[PDB]
2 protein chains.
Amino acid sequence: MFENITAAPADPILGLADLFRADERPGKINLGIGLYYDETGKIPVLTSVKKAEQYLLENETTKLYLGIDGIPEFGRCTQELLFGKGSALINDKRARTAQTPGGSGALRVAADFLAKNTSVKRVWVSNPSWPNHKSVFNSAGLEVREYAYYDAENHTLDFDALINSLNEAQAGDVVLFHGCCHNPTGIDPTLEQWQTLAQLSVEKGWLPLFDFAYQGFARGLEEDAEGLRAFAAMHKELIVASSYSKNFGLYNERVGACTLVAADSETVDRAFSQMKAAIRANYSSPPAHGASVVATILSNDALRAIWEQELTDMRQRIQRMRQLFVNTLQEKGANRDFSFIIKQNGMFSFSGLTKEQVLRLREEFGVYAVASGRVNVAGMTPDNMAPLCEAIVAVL
Amino acid sequence: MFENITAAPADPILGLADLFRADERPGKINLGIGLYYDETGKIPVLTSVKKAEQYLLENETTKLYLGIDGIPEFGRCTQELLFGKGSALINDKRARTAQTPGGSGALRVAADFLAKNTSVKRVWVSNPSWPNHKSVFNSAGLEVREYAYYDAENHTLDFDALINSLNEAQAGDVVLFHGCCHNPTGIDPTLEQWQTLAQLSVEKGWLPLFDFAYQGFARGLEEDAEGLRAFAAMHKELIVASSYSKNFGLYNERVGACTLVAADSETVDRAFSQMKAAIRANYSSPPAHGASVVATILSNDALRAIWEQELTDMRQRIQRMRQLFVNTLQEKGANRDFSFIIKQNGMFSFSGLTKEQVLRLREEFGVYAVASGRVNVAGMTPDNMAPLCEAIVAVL
Ligand SMILES: *Cc1c(COP(=O)(O)O)cnc(C)c1O
Ligand SMILES: *Cc1c(COP(=O)(O)O)cnc(C)c1O
Ligand SMILES: O=C(O)CCc1ccccc1
Ligand SMILES: O=C(O)CCc1ccccc1
């Protein structure tokens, strides 16, 4: 039965991890996958989390199945984070949230729900986009088309080219937007540009789907939610696929949420019941650990305070590494001007390196980046910065 | 977009929990969902688990994403429990295992992989069956057909009808078997019947898929694996979806696995690359907590000792409630003879109650069972036995 199966290619990002874990080279540097590293070169568990965990160990009395949609309080917390202190979506009970295995799982859940209960046939994604967007969508039988976004010659968001691209998208089509910290470009719309896209998508008849995995890494919690919040004032319906993997450093526990919004309560209720059905046919109910962590923290004043501080610390360390990256490239004798990099946000930097440069940086110097030229700034340190910068320079 | 969505009917099993939750009549009894309860009527966290968790709290230094297939240890251990200590399957490197979110998740992963990579078009499940098998397979776009199994009148496995019904299975069809503790009948084939079924399947050209979620609740860890092991000696290819929800009381941490077997290392290798691709398009990588707990316990001699004993205690307590249940029915007024109940394995009893009978027990007396008349023996206690036996009696 399997005699004929054909070997699949590997995950361009996660597969890189195996490549990495196999060199026996001494000074290998991982600028691959989007993990937050500290000054000392490690991927720590946050303190607020360890604290939360201790609380769980002592107070949990059962491992009882959660309801298909997970922990209710986790749902509440997600919504305020998402929409605001006393938003009307919340007040009007227009939103329903299901806890899922990561934002990756929320993506799959939204896709299955769409493909089965609606007339959606296509999903529009940005070019360039996060590689897994295509796999998830195609999997549900949906078609993936791309819209113009990044201005390569000028390292900017090419608005009208974006806008002209989307003019080809039909009413009833799905349009996928990254909430903040566009992966992999780092370039986000202005609040103004967001307001425009919101007005337009209402006129054009598009269903918006937000992939929000980076809340708090751009400018802050509440401010990173502006675009989304702007869409939300205009729209009757929308979907949010959010992740707590990065802002809580809880990568392997898979904590995320799928938030569904409709014009009103009665409608969201009916719609949500079909979402739950798509869950039931998938993993049944979500993993408790990571999400209980998150609700515990969000729910406790003290813990919350410590957590926000850790988040702000993470963001600042990255802002610093970015300034230090360009300076040293400079001082190390690079050909190009790399200052645009200072203008990107989030963990990465869409560096402008070619496929073969990235390939070379790796065979030859043990530095690991994604083929697209995406480099993990959060994996940079004062101690690895020089060697790193030399490698790049050597390849340009 | 969501205007015309029809509300979906709730999960027959998990939906009962909700109702259960909203019932406020004082002495309600839950014999619905398959959770293990104790003498005092609690769903406790195992002692071996609490220990392993303390261990993790103190020794974990990172939440780094696991690989698509999970923790290697977890895989290795799973295959031993499965195929036994020094099996050829393991020695010949013919099996690959992926850690998944529960056995539910393993069922979905198998489905997507088969649907996308072979000519499989139909899955055969038993009558009666576990409600979720249908949902998962259909979602992957596979046809679900039923095979005869239980003899209502004599409360036993009807081998003939079993065999006669499968005659229509075509070569290349998938046949799904429950490893031990048939849910919901509680009737399992004998070793010799297993030996027979394994001969056919090879002759007839079927791909077997084992749903193995109750290892250790019938007779013991190794005894419970006999049927599967008998199949494994004949077959070249096999699929196993197992779970640790029940044998570890880890219901909400979603711990399970999907094991793929091929005639050879190279073949299983290529085949599993496609399984990984199906995961990638789903939830990406699995939740660490629960599975780390399992690997911890299985890889430590003393924790493993405490664990095996806890499992033996659970099994024993159930067998005790089983006899007490029949005894009390009889001694309380029953018309029927419920003695056949003693011959079933696992947590439940296919009591022979009517749909209207169960609706009534719920409505009138606050007792909760599953519509098919399946009752959770593991939810029974010396203190609730009386009132429950009376409820039943009153509806006969
Ligand atoms: C990380 C991230 C996700 C979600 O990842 P999970 O670990 O599955 O939560 C989704 N989209 C983008 C662009 C991401 O970077
Ligand atoms: C419990 C069970 C499963 C798996 O349940 P999970 O909690 O998802 O691991 C699968 N099949 C049957 C018949 C079960 O009883
Ligand atoms: O590096 C990233 O882009 C974020 C981490 C990630 C990678 C691949 C699948 C999901 C999450
Ligand atoms: O009670 C059962 O049959 C086991 C628990 C369960 C219930 C519903 C979906 C997945 C698992």
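Applying a threshold of 30 Å to the alpha-carbon distances of A:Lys93/B:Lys276; B:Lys93/B:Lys246; A:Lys276/B:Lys85; A:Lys134/B:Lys236; A:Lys63/B:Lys134 flags A:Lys93/B:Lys276; A:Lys276/B:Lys85; A:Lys134/B:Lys236 as lying beyond it. Residue order for A:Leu298, A:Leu82, fewest other beta carbons within 10 angstrom first, comes to A:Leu298, A:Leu82.
If packing is taken as the mean number of other Cβ atoms within 10 Å per residue, what is the order of B:353-364, A:177-188, A:252-263, highest first?
Values: B:353-364: 15.8, A:177-188: 24.2, A:252-263: 26.2.
Ranked by mean Cβ neighbours within 10 Å, highest first: A:252-263, A:177-188, B:353-364.
Overall dimensions of region B:95-203, expressed as equivalent-ellipsoid semi-axes from the Cα gyration tensor (√(5λ), whole Å, largest first), are 24, 16, 14.
Contact order, relative form, for chain A: 25 percent (alpha carbon pairs under 8 Å, 6 or more residues apart, mean separation divided by residue count). Look at the stretch B:232-238: the mean tally of other chain Cβ atoms within 10 Å of its residues' Cβ atoms is 1. Karplus-derived 3J(HN,Hα) values for region B:87-102, using 6.51 cos²θ - 1.76 cosθ + 1.60 with θ = phi - 60°, are 3, 6, 3, 6, 4, 8, 6, 8, 10, 10, 10, 10, 6, 9, x, x Hz; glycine and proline are entered as x.
With contributions of -39500 (n - 2.57) from each DSSP H run of at least four residues, the per-residue ellipticity at 222 nm computed over chain A stands at -14000 deg cm²/dmol. Take the Kirkwood radius over Cα pairs of chain A, plug it into Stokes-Einstein at 10 °C and 1.306 mPa s, and you get 72 µm²/s for translational diffusion. Residue by residue along B:106-114, Cβ atoms of other protein chains within 10 Å of the local Cβ number 2 on average.
State whether region B:1-65 is rounded, prolate or oblate according to the following rule on the C-alpha gyration tensor (a ≥ b ≥ c being the square roots of its eigenvalues): a/c under 1.5 gives rounded; otherwise a/b larger than b/c gives prolate, and the remaining case gives oblate. Don't skip to the answer; put the middle values down first.
Working: a/c = 3.68, a/b = 1.35, b/c = 2.72.
It comes out oblate by the Cα gyration axes.
I'd like the projected area of the protein assembly as shown, averaged over all directions, using the convex hull of its alpha carbons. Report it in nm² with one decimal.
On the way: hull surface 132.0 nm².
Taking the Cα atoms of the protein assembly as shown, their convex hull projects to 33.0 nm² on average.
Backbone phi angles across region B:10-21, fed through the Karplus curve with coefficients 6.51, -1.76 and 1.60 (θ = phi - 60°), yield HN-Hα couplings of 6, 5, x, 8, 5, x, 5, 4, 4, 4, 3, 4 Hz in residue order; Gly and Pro are listed as x. Across peptide A:53-59, the mean count of Cβ atoms from other chains lying within 10 Å of each residue's own Cβ comes to 3. Distances, shortest first, from the label point of B:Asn164 to those at the same position in the other copies read 7.3 nm; the point lies 7 Å along Cα to C-beta.
Distances, shortest first, from the label point of B:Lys85 to those at the same position in the other copies read 6.6 nm; the point lies 7 Å along Cα to C-beta. As a proxy for reagent exposure, ranking B:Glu53, B:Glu24, A:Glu310, A:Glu73 by other Cβ atoms within 10 Å from fewest up yields B:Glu24, A:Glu73, A:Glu310, B:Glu53.
Scalar couplings 3J(HN,Hα) for region A:226-232, obtained by applying the Karplus form with A = 6.51, B = -1.76, C = 1.60 to θ = phi - 60°, are 3, x, 3, 5, 6, 5, 5 Hz; x denotes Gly and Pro. Label-point distances for A:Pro26 to the equivalent site in the other copies, using a point 7 angstrom along Cα→C-beta, read 7.8 nm when ranked shortest first. With neighbours defined as other Cβ atoms within 10 Å of a residue's Cβ, the residues B:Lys246, B:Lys42 order from fewest to most as B:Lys42, B:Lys246. Summarising the amide proton neighbourhood of B:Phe348: residues at separation of 5 or more, or on other chains, whose placed amide H is nearer than 5 Å comprise B:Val377.
Cα axis of helix A:72-83 to longest principal axis of chain A: angle in degrees, 0 to 90, nearest 10? With rounding to tens, the tilt is 70 degrees.
All Cβ positions, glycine included, derive from the backbone under ideal geometry; neighbour counts span all protein chains shown. A short reminder: the numbers here are calculations on the coordinates, not readings from a lab.
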